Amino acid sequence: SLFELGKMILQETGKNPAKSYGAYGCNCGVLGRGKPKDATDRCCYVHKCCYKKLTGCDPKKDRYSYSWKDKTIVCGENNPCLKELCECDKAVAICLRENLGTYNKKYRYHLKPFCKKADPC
């Protein structure tokens, strides 16, 4: 759920999840997908596609387990969906961190500035 994801983003990026990625580009946020603005945006794009493939579990509300031992996200055993959900979030937190170098605050928004269509995931 948003609790795991959010905590992961914070752990990987050190940034406030909602503040830097709640509304960022075309894919970081609660507004669906769009043509990636930049490497941070592309991370969220893939994240949303990662969710799409999921089957059965609610990526927004299903709470799952994961360890933060040695400051690396270790997805808990869980079940297939939950494990896959966790990996989706882990993956985006990491990607987000790895792309902090090009993170551009200018892509942060109040209301998504209209975005180009996003490749069918």
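Heads up: residue numbers just count along the shown sequence, starting at 1. Think of the rigid core as the biggest set of C-alphas that the two forms share within 1.5 Å after superposition.
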item	value
Core-fitted comparison in 5 other deposited structures of this protein, 42 to 50 vs 25 to 33, farther C-alphas	25 to 33
Larger mean CA deviation from the shown form in 5 other deposited structures of this protein [core fit; 102 to 110 vs 6 to 14]	102 to 110
Average Cα temperature factor in the PDB entry - higher stretch of 16 to 24, 106 to 114	106 to 114
Per the entry, higher mean C-alpha B factor between 30 to 38 and 90 to 98	30 to 38
Chain-wide C-alpha B factor ranking for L2, given as lowest, middle or highest third	middle
Third of chain Cα B-factors occupied by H47	lowest
